[PDB]
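Structure first, commentary second.
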RNA sequence: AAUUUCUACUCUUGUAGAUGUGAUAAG
DNA sequence: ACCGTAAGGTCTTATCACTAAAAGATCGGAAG
DNA sequence: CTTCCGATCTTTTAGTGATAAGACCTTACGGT
């Protein structure tokens, strides 16, 4: 049977380890003597300077080459029509093939494959393109061939400095290559020409022809405009709006001139302005052009053709000077008065040609109406009333369709205009103040930062209010208004960058982390570790007395001339050097070393005799033409490749080809001098392998080997004394002298990599392409605790509760002798300074660093296959599996509940206190000082980083519990729900990154306490999750992690699953609440218990219900008799008490009050004096008076009893009371503190997340196909949970 | 308040947990 | 004959490298 | 003095099986 410990060694997980390098002995002096550090700093600076220069070179070549492009566009135009009329499936494929043909036609001009050009020019362009991604670029002769290039001697020197050092730019080459490619990617020249801009030019041509046939007298008028602006004077407008004139408009200059022609100089009226001035003339020609599409769409800018911006601020003087410059620029251009003029002229421009961006709509609603759903509902009821399928169409037309001003102003009423005239004026006044208020001289004191905050916030608010209006294409925006708005919004755009960079400056760390790569004059330092490449890569490792060292062997007198160390007997004292033998992935390195050689390809183009290779083979290897054709069949499926089996079904031929190729590779590995000594006998016979991928997957871990050999101490000591070797110690905290605790995981991986059992059978592979870095000393103002001073502990006598950070400073001042702190003065503990601690010590000196990749589970495949199916097979085999439901609460940060297969609670606990530190108290103190500091940037930074650290603790807690229970873990799916600001870790991005980090942990889970050979140890990590791809694509399951939608897990009664069905937003008007009271059946006072019982049937009040029918037909809502009940501990509490938020002016006041609904209802009943306490029906005797006050307070009472969560942070109350009693006749109360049910109200949400996990697991168990339901609908959940509890 | 780096600390010249880096596009 | 509901087809996902040896460029020295 | 050749440094080179699910649009059947 399958087992939980079988979830290991399933797929390779690549990681990297970072270490500090401590220079041993003389090395630093030599590094200071040769000056590698300074030249690497200079090289990094030159690379940063040189990237835009090479971009300018690429721009120059692109503009030089695009001018030769001449094509006839009629065929692709015809395909565009044929698709747009027919939508036939042949048309889309024909259009894609036509677009590919045109992309290839464009791409041939760059690479020089254009038959429309002369052979000499074509060859010249081919040479230029192939030289542009080579060392030939830096040697400068490609710039000699590429005429009229504007570099100076300094730029030429920057190019020459990277000669023989092209490897720095390889990633930049890998990027910029795709720009010139014929691929269908967005960021390419042919894609931008043929798919983005050309349909728009076609639309322009057709729109122009239609308008010309409609109004002939417009023709000369349009021509006159072209005579006015004076663009394209050599040709007529009739020829401009034609297909061959798209032989121009390829370079960025012509694109800008065409757009300037359409829009006018930003004066001279463009075509669009002339069309709308014609349409405002109100004649029959204006009417007929109004009947036609009457605007041109401007073309997109060309690729790589992209301004008030600067680098991030280094000092408060720098940011204050730059922002003073920006405010001076705003006052000089007098932007705010142009904003005011725009916000006047909105009242006169025709509102049908002005549009709002739909995605801003709800925000504007909260800007102009009471709630964020008001205006959206207003447009919905308008678009319905102006008329399920129609409802869907209205939803579609409001979800992704921009709205004109006329419709909005007609829908929400005239008062919005006044409100709009309010809002703009208010913000403008703030902006005006922000321009008149002086800047502070510095930002060392709080109010100075508050002034900068307020000014940036006001400017950014005015930017947002400008951002309300849509500028997107296909909206019929007025040209004059769009030009004005785009102009002012462009002028105000740098305010956003100023806000972001000032927030980063006020949030940034006092040190600098920035560091640069070291090369030691070697273009391939540490690119690999093989002993044959030891000479050209320079980097080696040593082990001595459990310490690890890195040796860099520099070039001597410009030559390599690498020394060699003889091995010695193991008893002799000295270092142990790694001997690393590797032959990389077999699939690429056998056809490289045997069959794609130039000699054999030359031979088999002219002969058929098999060729005997001899060089680098211990015995000659014959290659037969049949094998080379098996690798090079001139068709994309190779005959041994599984694509051939898919294409033909020639299973016998596939197996014959596979056997032949595998036998050939066995012969090669038996003969090639790197691999001839390897014992290949572990491999199965060649015919047994099902596919080639299986063969390579089993083969590859044999070609890797590490051994160690001892070297005498003197041989290495003399080499490092001479300067032939730079010996560094690979260091971290766990190699320190005082190290006594448990090591890091990255120390565990490093130690496990060189364990003898790992060398016997490789589980973690040491990867090549390591990288050395150097971090310079920061401008750190030193702070250190001097001898004889007092050190102040942040914890109290109990380690749980921390000192509030506002009090810590004055406490630390007081105990060094430099009233809440007075109150807690005997609560604090101080220490003598035994040894000086330096604040942020590792940035006080310049340090070398070493980034080394490793690969864990090296024996396994490169990627998991059907991992979810394996997990679901195990879950089906073990229905007894516990379920761990995870939720984030309001009074504890994360609460967990582990439930059994029966739904019984196994464990429930909060994660406030992790490692005896109460993170909730810390976050509460930070929030308190955040409100105290009026939301400064520093405190919110130190809150976000604290939440990140807390979740990094949560990951270990979660995974320890998961290993202990061997349980599936079910988490909140963030795609569906939303969480209030009252909840800690409310931010969606932070918890999303926590779930990503949990997936990343659980892929390669290693537990510190376990032995390395045990499953879960260093050499056998648990793999309980699939590789993360994306949040929107991970779906409802990743391995053992289940993701269930958030809603109806917190506000639900655990005993019988009752949820309040109503939406109170549709009740507040008097007629609605009257109908709501009418719709209940009846309620009565229980003479025996003193309760009131109200009976509701689920088929009533459909206008007030949400759209989710439950499973139960009816509910008996109970007003419990208020009575001092007692919990399991014995403290009294009032049964049935509700805590309700006080509302004034339709907003939450931030105050709560306590209600006792039974006592209040008795007070109501005796005040009305109608007879009760007899079992009679109360409801008609109440509503027959038609007293509006009675119905108002009745609806208030009903809404009060249906309040599930009742909480007040000030008194500390946080509980759930069910207003419904189950088959045992008892109402739920978390305040009884019974272990069987969620003890505190935050536990209830995690319990129901676990129950949704049980829902998915039960549907999996009933199914036959190892798949989850791909989602839980709220109807299905609100049926299942109360059906299960009856 | 010390760290390959981050977060929270201080019986311990350090503790507990986390940690896939680099390049390029981009948010 | 028109509309409502359910099933199928396809679009789309930030990627790459984690490398030793073959191939080519460079250059210093020897032969005629 | 040019040309050819050997050592050496640097740039380029081979490439295997594997998916997989949320979402939007289109199609076909059933109900009125």
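Counting starts with 1 at the first residue shown.
Backbone N, Cα and C atoms are what each Cβ position is placed from, and that goes for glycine too.
Checking Swiss-Prot for DNA-binding region across the ranges A:557-565, A:566-574, A:575-583, A:584-592 points to A:584-592. Checked against residue A:851 (site 'Binds crRNA'), the recorded positions A:18, A:533, A:785, A:839 differ in C-alpha distance, with A:18 being the nearest. In this structure the alpha carbons, written CA, of residue A:839 (active site, for pre-crRNA processing) and residue A:993 (site 'Binds target DNA') are 29 Å apart. Note on proximity: among A:18, A:167, A:533, A:785, A:993, the recorded positions of the record, the Cα nearest residue A:372 (site 'Binds crRNA-target DNA heteroduplex') is that of A:993. Two residues, residue A:306 and residue A:307, bracket 4 residues absent from the model, and the distance between their Cα atoms is 9 angstrom. Residue A:266 and residue A:267 bracket a stretch of 6 residues that the deposited model omits, and the distance between their Cα atoms is 7 Å.
Residue A:785 (active site, for pre-crRNA processing) counts 19 other C-beta atoms within 10 Å of its own C-beta, drawing on all protein chains shown. Cα of residue A:993 (site 'Binds target DNA') to Cα of residue A:794 (active site, for pre-crRNA processing): a distance of 29 Å. Between the CA atoms of residue A:794 (active site, for pre-crRNA processing) and residue A:18 (site 'Binds crRNA') there is a gap of 30 Å. For the pair formed by residue A:167 (site 'Binds PAM on target DNA') and residue A:785 (active site, for pre-crRNA processing), distance between Cα atoms is given as 47 Å, rounded to the nearest Å. Taken through DSSP, the region 'Bridge helix' (A:920-936) splits into 13 helix, 0 strand, 4 coil. Just so you know, the Cβ of residue A:372 (site 'Binds crRNA-target DNA heteroduplex') picks up 14 other Cβ atoms within 10 Å once every protein chain is counted.
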